[PDB]
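Engineer: Structure file upload.tsv (TSV, C-alpha atoms and all ligand atoms) is given on the next line.
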```
chain	number	residue	atom	x	y	z
A	1	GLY	CA	267.15	62.81	232.96
A	2	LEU	CA	266.11	66.40	232.27
A	3	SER	CA	267.85	69.15	230.33
A	4	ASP	CA	268.61	72.54	231.83
A	5	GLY	CA	265.68	74.04	229.94
A	6	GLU	CA	263.37	71.37	231.29
A	7	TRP	CA	264.51	72.00	234.87
A	8	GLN	CA	263.92	75.70	234.24
A	9	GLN	CA	260.32	74.91	233.29
A	10	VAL	CA	259.86	72.73	236.38
A	11	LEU	CA	261.08	75.41	238.73
A	12	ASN	CA	258.98	78.05	236.97
A	13	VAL	CA	255.86	75.91	237.49
A	14	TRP	CA	256.90	75.33	241.08
A	15	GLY	CA	256.78	79.07	241.71
A	16	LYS	CA	253.03	78.83	241.19
A	17	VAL	CA	252.83	76.19	243.93
A	18	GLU	CA	255.02	78.15	246.35
A	19	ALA	CA	252.68	81.14	246.16
A	20	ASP	CA	249.99	79.04	247.91
A	21	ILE	CA	251.61	75.82	249.14
A	22	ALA	CA	248.80	74.91	251.54
A	23	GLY	CA	246.03	75.43	248.99
A	24	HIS	CA	247.87	73.38	246.37
A	25	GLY	CA	248.73	70.70	248.92
A	26	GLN	CA	245.14	70.49	250.14
A	27	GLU	CA	243.80	70.08	246.61
A	28	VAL	CA	246.41	67.48	245.67
A	29	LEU	CA	245.46	65.32	248.65
A	30	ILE	CA	241.73	65.78	248.05
A	31	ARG	CA	242.18	64.74	244.41
A	32	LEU	CA	244.13	61.66	245.54
A	33	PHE	CA	241.65	60.62	248.27
A	34	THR	CA	238.48	61.16	246.23
A	35	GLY	CA	239.88	59.65	243.06
A	36	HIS	CA	241.49	56.65	244.78
A	37	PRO	CA	239.68	56.02	248.08
A	38	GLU	CA	241.96	53.09	248.94
A	39	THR	CA	244.73	55.66	249.53
A	40	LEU	CA	242.80	57.16	252.45
A	41	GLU	CA	243.12	53.84	254.29
A	42	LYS	CA	246.89	54.34	254.57
A	43	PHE	CA	246.32	57.43	256.76
A	44	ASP	CA	245.17	56.59	260.24
A	45	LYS	CA	244.73	60.32	260.86
A	46	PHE	CA	242.48	60.92	257.83
A	47	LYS	CA	240.50	57.66	257.58
A	48	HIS	CA	237.72	59.31	259.63
A	49	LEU	CA	237.06	61.69	256.73
A	50	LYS	CA	233.98	60.41	254.95
A	51	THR	CA	233.01	63.34	252.73
A	52	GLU	CA	234.97	65.78	250.64
A	53	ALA	CA	233.41	68.63	252.66
A	54	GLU	CA	235.04	67.15	255.77
A	55	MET	CA	238.28	66.88	253.80
A	56	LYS	CA	238.04	70.54	252.73
A	57	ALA	CA	237.35	71.71	256.29
A	58	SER	CA	240.22	69.73	257.81
A	59	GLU	CA	243.08	71.97	258.89
A	60	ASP	CA	245.26	68.95	259.61
A	61	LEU	CA	244.81	67.76	256.01
A	62	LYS	CA	245.99	71.16	254.80
A	63	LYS	CA	248.92	70.90	257.21
A	64	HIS	CA	249.91	67.53	255.77
A	65	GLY	CA	249.64	68.91	252.25
A	66	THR	CA	252.18	71.55	253.27
A	67	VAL	CA	254.53	68.86	254.62
A	68	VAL	CA	254.24	66.77	251.42
A	69	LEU	CA	254.73	69.61	248.95
A	70	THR	CA	257.54	71.18	250.99
A	71	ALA	CA	259.40	67.88	250.76
A	72	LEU	CA	258.75	67.50	247.04
A	73	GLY	CA	259.83	71.08	246.35
A	74	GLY	CA	263.11	70.48	248.16
A	75	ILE	CA	263.71	67.42	245.96
A	76	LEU	CA	262.82	69.26	242.73
A	77	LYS	CA	265.19	72.14	243.56
A	78	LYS	CA	268.07	69.64	243.49
A	79	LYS	CA	267.55	69.09	239.72
A	80	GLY	CA	268.04	65.35	240.00
A	81	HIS	CA	270.89	65.38	242.54
A	82	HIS	CA	268.52	64.24	245.26
A	83	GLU	CA	269.92	60.95	246.63
A	84	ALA	CA	270.22	62.24	250.22
A	85	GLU	CA	266.75	63.82	250.21
A	86	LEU	CA	265.03	60.88	248.53
A	87	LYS	CA	266.55	57.98	250.50
A	88	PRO	CA	264.74	58.66	253.83
A	89	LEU	CA	261.43	59.14	252.04
A	90	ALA	CA	261.82	55.92	250.07
A	91	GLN	CA	262.68	54.08	253.27
A	92	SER	CA	259.84	55.50	255.34
A	93	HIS	CA	257.31	54.94	252.59
A	94	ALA	CA	258.34	51.33	251.99
A	95	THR	CA	258.98	50.20	255.55
A	96	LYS	CA	256.75	52.27	257.84
A	97	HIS	CA	253.87	53.58	255.73
A	98	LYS	CA	253.81	50.69	253.23
A	99	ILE	CA	252.88	52.82	250.23
A	100	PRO	CA	252.95	50.90	246.92
A	101	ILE	CA	254.62	52.63	243.99
A	102	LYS	CA	251.22	52.71	242.29
A	103	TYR	CA	250.08	55.34	244.80
A	104	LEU	CA	253.07	57.50	243.87
A	105	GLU	CA	251.88	57.29	240.26
A	106	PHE	CA	248.41	58.35	241.44
A	107	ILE	CA	249.72	61.41	243.28
A	108	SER	CA	251.92	62.36	240.35
A	109	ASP	CA	248.93	62.48	238.03
A	110	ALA	CA	246.98	64.35	240.72
A	111	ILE	CA	249.62	67.07	240.79
A	112	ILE	CA	249.23	67.55	237.02
A	113	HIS	CA	245.44	67.64	237.40
A	114	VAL	CA	245.53	70.28	240.16
A	115	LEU	CA	247.92	72.48	238.19
A	116	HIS	CA	245.47	72.60	235.26
A	117	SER	CA	242.55	73.14	237.62
A	118	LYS	CA	244.10	76.10	239.47
A	119	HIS	CA	245.95	77.60	236.48
A	120	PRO	CA	243.78	76.87	233.42
A	121	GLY	CA	245.44	78.14	230.29
A	122	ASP	CA	248.60	78.92	232.26
A	123	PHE	CA	250.14	75.41	232.40
A	124	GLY	CA	251.43	74.98	228.87
A	125	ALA	CA	252.34	71.86	226.98
A	126	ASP	CA	256.07	72.40	227.51
A	127	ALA	CA	255.58	72.94	231.25
A	128	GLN	CA	253.45	69.80	231.53
A	129	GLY	CA	256.10	67.79	229.69
A	130	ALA	CA	258.86	68.93	232.00
A	131	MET	CA	256.83	68.48	235.22
A	132	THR	CA	255.78	65.00	234.16
A	133	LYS	CA	259.40	64.05	233.49
A	134	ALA	CA	260.47	65.38	236.89
A	135	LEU	CA	257.79	63.36	238.68
A	136	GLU	CA	258.75	60.28	236.68
A	137	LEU	CA	262.37	60.68	237.74
A	138	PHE	CA	261.29	61.05	241.38
A	139	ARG	CA	259.10	57.94	241.14
A	140	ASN	CA	261.78	55.93	239.32
A	141	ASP	CA	264.45	56.66	241.91
A	142	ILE	CA	262.01	55.65	244.67
A	143	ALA	CA	261.24	52.48	242.70
A	144	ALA	CA	264.92	51.57	242.67
A	145	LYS	CA	265.05	51.81	246.47
A	146	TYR	CA	261.81	49.81	246.76
A	147	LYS	CA	263.43	47.03	244.67
A	148	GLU	CA	266.50	47.01	246.90
A	149	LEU	CA	264.17	46.50	249.92
A	150	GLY	CA	262.00	43.91	248.19
A	151	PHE	CA	258.92	46.02	248.81
A	152	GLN	CA	255.86	45.61	246.63
B	1	LIG	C1	254.94	63.47	246.23
B	1	LIG	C2	255.01	62.36	246.96
B	1	LIG	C3	255.08	62.39	248.44
B	1	LIG	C4	255.94	63.08	249.27
B	1	LIG	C5	257.06	64.03	248.85
B	1	LIG	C6	255.65	62.62	250.59
B	1	LIG	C7	256.28	63.18	251.73
B	1	LIG	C8	256.02	62.80	253.05
B	1	LIG	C9	256.63	63.33	254.22
B	1	LIG	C10	257.71	64.41	254.21
B	1	LIG	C11	256.09	62.69	255.28
B	1	LIG	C12	256.50	62.85	256.73
B	1	LIG	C13	257.86	62.18	257.04
B	1	LIG	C14	257.83	60.71	256.72
B	1	LIG	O1	257.03	59.97	257.35
B	1	LIG	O2	258.67	60.27	255.89
B	1	LIG	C15	255.05	61.84	254.78
B	1	LIG	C16	254.25	61.06	255.59
B	1	LIG	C17	253.34	60.16	255.06
B	1	LIG	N1	253.21	59.80	253.75
B	1	LIG	FE1	254.03	60.58	252.21
B	1	LIG	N2	254.71	61.64	250.55
B	1	LIG	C18	254.34	61.42	249.29
B	1	LIG	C19	253.34	60.56	248.79
B	1	LIG	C20	252.53	59.80	249.60
B	1	LIG	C21	251.51	58.94	249.14
B	1	LIG	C22	251.08	58.75	247.70
B	1	LIG	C23	250.92	58.36	250.25
B	1	LIG	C24	249.76	57.45	250.36
B	1	LIG	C25	248.84	57.23	249.42
B	1	LIG	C26	251.65	58.84	251.39
B	1	LIG	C27	251.44	58.41	252.68
B	1	LIG	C28	252.13	58.95	253.76
B	1	LIG	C29	251.68	58.64	255.13
B	1	LIG	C30	250.70	57.55	255.54
B	1	LIG	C31	252.42	59.42	255.94
B	1	LIG	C32	252.35	59.46	257.46
B	1	LIG	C33	251.32	60.50	257.92
B	1	LIG	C34	251.22	60.62	259.42
B	1	LIG	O3	250.52	59.78	260.02
B	1	LIG	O4	251.32	61.74	259.95
B	1	LIG	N3	252.69	59.62	250.95
B	1	LIG	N4	255.08	61.84	253.39
```
Please express what this file holds, its structure, as structure tokens.

Structural biologist:
Amino acid sequence: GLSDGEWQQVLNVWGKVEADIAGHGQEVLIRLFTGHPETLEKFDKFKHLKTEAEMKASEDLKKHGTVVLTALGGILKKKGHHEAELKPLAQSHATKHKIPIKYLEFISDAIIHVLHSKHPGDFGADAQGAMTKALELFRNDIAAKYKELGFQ
């Protein structure tokens, strides 16, 4: 649960992402894959990537980063009223992709890391607080659907 002022911070930060969605999406995925190499094994289309240089050169990885962040941005713009947008993603991630909730924690922290890396000194303590709360809400509502499905 976020206040109006917190949502305002979230959507202000998101404007930074929307200025270069593919570059942010690329770096988020590279941070996830290099920090947590077990996550790469969930992607049949990226498992061939052995080095970060290969990851950086991959146009399909940048494409997938655009898909991921476009979906997250659509959810964030709902300011918590995201049941319809979140349900299909929870279902596909539990039943088809088999993504444990832990990996959603990993990517949440990766988003925070990339924001500081690309906007050093321009991602303030209030903005980090609000973004973290928004990603926690997203993860918690997915977790509720995972529990319904019995997925671990
Ligand atoms: C911010 C969180 C994320 C968002 C919004 C997101 C969004 C999406 C979307 C929109 C798709 C395509 C449609 C679908 O299959 O449902 C997708 C595919 C996928 N997601 Fe996620 N995702 C997230 C996190 C992750 C994480 C953490 C992993 C794994 C570590 C992951 C693994 C996958 C895989 C394996 C695919 C299928 C890729 C394919 O082969 O083309 N997702 N995701």

Engineer: As JSON, please: the centre and edge lengths in Å, to one decimal, of an axis-aligned box enclosing every listed atom of ligand LIG 1 (chain B) with 3 Å added on each side.

Structural biologist:
```
{"center_x": 253.8, "center_y": 60.8, "center_z": 253.1, "size_x": 15.8, "size_y": 13.2, "size_z": 19.8}
```

Engineer: Just want the 9 Å neighbourhood of segment 49-61 of chain A, counted on all atoms listed in the file, with same-chain residues fewer than 5 positions away dropped. Output as JSON, numbers by chain.

Structural biologist: {"A": [25, 26, 27, 29, 30, 33, 34, 40, 66]}

Engineer: Looking at only C-alpha atoms, which of A:137, A:131, A:149, A:143 is the one that sits closest to residue 113 of chain A?

Structural biologist: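 Distance minimum relative to residue 113 of chain A lands on A:131.
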
Engineer: Looking at all atoms listed in the file, which of A:87, A:119, A:67, A:132 is the one that sits closest to residue 146 of chain A?

Structural biologist: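 Nearest to residue 146 of chain A: A:87.
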
Engineer: Hey, which bits of chain A sit within 7 Å of ligand LIG 1 (chain B), and for each residue what's the closest pair of atoms and how far apart in Å (one decimal), counting only C-alpha atoms and all ligand atoms, rows by chain and increasing number, as a Markdown table?

Structural biologist:
```
| residue | atom | partner | partner_atom | distance |
| --- | --- | --- | --- | --- |
| A:39 | CA | B:LIG1 | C25 | 4.4 |
| A:40 | CA | B:LIG1 | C25 | 6.8 |
| A:42 | CA | B:LIG1 | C30 | 5.1 |
| A:43 | CA | B:LIG1 | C30 | 4.5 |
| A:44 | CA | B:LIG1 | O3 | 6.2 |
| A:45 | CA | B:LIG1 | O3 | 5.9 |
| A:67 | CA | B:LIG1 | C10 | 5.5 |
| A:68 | CA | B:LIG1 | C7 | 4.1 |
| A:69 | CA | B:LIG1 | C5 | 6.0 |
| A:71 | CA | B:LIG1 | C5 | 4.9 |
| A:72 | CA | B:LIG1 | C5 | 4.3 |
| A:88 | CA | B:LIG1 | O2 | 6.6 |
| A:89 | CA | B:LIG1 | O2 | 4.9 |
| A:92 | CA | B:LIG1 | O2 | 4.9 |
| A:93 | CA | B:LIG1 | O2 | 6.4 |
| A:97 | CA | B:LIG1 | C30 | 5.1 |
| A:99 | CA | B:LIG1 | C24 | 5.6 |
| A:103 | CA | B:LIG1 | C22 | 4.6 |
| A:104 | CA | B:LIG1 | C22 | 4.5 |
| A:106 | CA | B:LIG1 | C22 | 6.8 |
| A:107 | CA | B:LIG1 | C22 | 5.3 |
| A:108 | CA | B:LIG1 | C1 | 6.7 |
```

Engineer: May I ask for the distance between atom CA of residue 91 of chain A and atom CA of residue 142 of chain A, given in Å to one decimal place?

Structural biologist: 8.8 Å

Engineer: Using all atoms listed in the file, find the one residue out of A:151, A:138, A:46, A:14 that sits nearest to residue 115 of chain A.

Structural biologist: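 Using all atoms listed in the file, the shortest distance to residue 115 of chain A belongs to A:14.
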
Engineer: Can you work out the spacing between atom CA of residue 62 of chain A and atom CA of residue 22 of chain A in Å, to one decimal?

Structural biologist: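 Atom-to-atom, atom CA of residue 62 of chain A to atom CA of residue 22 of chain A, that is 5.7 Å.
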
Engineer: What does the distance from atom CA of residue 12 of chain A to atom CA of residue 130 of chain A come to in Å, to one decimal?

Structural biologist: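 For atom CA of residue 12 of chain A relative to atom CA of residue 130 of chain A, the distance reads 10.4 Å.
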
Engineer: Complete the atom set of segment 9-35 of chain A to N, CA and C atoms and return it as a CSV table (one decimal), in the frame of the given file.

Structural biologist:
```csv
chain,number,residue,atom,x,y,z
A,9,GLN,N,261.8,75.0,233.3
A,9,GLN,CA,260.3,74.9,233.3
A,9,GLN,C,259.7,74.4,234.6
A,10,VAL,N,260.3,73.3,235.1
A,10,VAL,CA,259.9,72.7,236.4
A,10,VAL,C,259.9,73.8,237.5
A,11,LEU,N,261.0,74.5,237.6
A,11,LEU,CA,261.1,75.4,238.7
A,11,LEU,C,260.2,76.6,238.5
A,12,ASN,N,260.0,77.0,237.2
A,12,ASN,CA,259.0,78.0,237.0
A,12,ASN,C,257.6,77.6,237.4
A,13,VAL,N,257.2,76.4,237.0
A,13,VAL,CA,255.9,75.9,237.5
A,13,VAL,C,255.8,75.9,239.0
A,14,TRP,N,256.9,75.5,239.6
A,14,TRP,CA,256.9,75.3,241.1
A,14,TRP,C,256.7,76.7,241.8
A,15,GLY,N,257.1,77.8,241.2
A,15,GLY,CA,256.8,79.1,241.7
A,15,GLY,C,255.3,79.3,241.9
A,16,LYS,N,254.5,78.7,241.0
A,16,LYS,CA,253.0,78.8,241.2
A,16,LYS,C,252.6,78.1,242.5
A,17,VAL,N,253.2,77.0,242.7
A,17,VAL,CA,252.8,76.2,243.9
A,17,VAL,C,253.3,76.9,245.2
A,18,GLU,N,254.5,77.5,245.2
A,18,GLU,CA,255.0,78.2,246.4
A,18,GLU,C,254.3,79.4,246.7
A,19,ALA,N,253.5,80.0,245.8
A,19,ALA,CA,252.7,81.1,246.2
A,19,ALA,C,251.5,80.8,247.1
A,20,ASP,N,251.1,79.5,247.1
A,20,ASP,CA,250.0,79.0,247.9
A,20,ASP,C,250.2,77.5,248.2
A,21,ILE,N,251.2,77.2,249.0
A,21,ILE,CA,251.6,75.8,249.1
A,21,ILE,C,250.5,75.0,249.8
A,22,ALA,N,249.8,75.6,250.8
A,22,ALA,CA,248.8,74.9,251.5
A,22,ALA,C,247.6,74.7,250.7
A,23,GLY,N,247.2,75.6,249.9
A,23,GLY,CA,246.0,75.4,249.0
A,23,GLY,C,246.3,74.4,247.9
A,24,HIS,N,247.5,74.4,247.3
A,24,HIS,CA,247.9,73.4,246.4
A,24,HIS,C,248.0,72.0,247.0
A,25,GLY,N,248.6,72.0,248.2
A,25,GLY,CA,248.7,70.7,248.9
A,25,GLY,C,247.4,70.1,249.3
A,26,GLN,N,246.5,70.9,249.8
A,26,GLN,CA,245.1,70.5,250.1
A,26,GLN,C,244.5,69.9,248.9
A,27,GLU,N,244.5,70.6,247.8
A,27,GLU,CA,243.8,70.1,246.6
A,27,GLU,C,244.4,68.8,246.1
A,28,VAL,N,245.8,68.7,246.1
A,28,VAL,CA,246.4,67.5,245.7
A,28,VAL,C,245.9,66.3,246.5
A,29,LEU,N,245.9,66.4,247.8
A,29,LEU,CA,245.5,65.3,248.6
A,29,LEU,C,244.0,65.0,248.4
A,30,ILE,N,243.1,66.0,248.3
A,30,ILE,CA,241.7,65.8,248.0
A,30,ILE,C,241.5,65.1,246.7
A,31,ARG,N,242.3,65.5,245.7
A,31,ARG,CA,242.2,64.7,244.4
A,31,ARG,C,242.6,63.3,244.6
A,32,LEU,N,243.7,63.0,245.3
A,32,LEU,CA,244.1,61.7,245.5
A,32,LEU,C,243.1,60.8,246.3
A,33,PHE,N,242.6,61.4,247.4
A,33,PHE,CA,241.6,60.6,248.3
A,33,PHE,C,240.3,60.4,247.6
A,34,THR,N,239.8,61.3,246.9
A,34,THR,CA,238.5,61.2,246.2
A,34,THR,C,238.6,60.3,245.0
A,35,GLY,N,239.7,60.5,244.2
A,35,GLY,CA,239.9,59.6,243.1
A,35,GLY,C,240.3,58.2,243.3
```
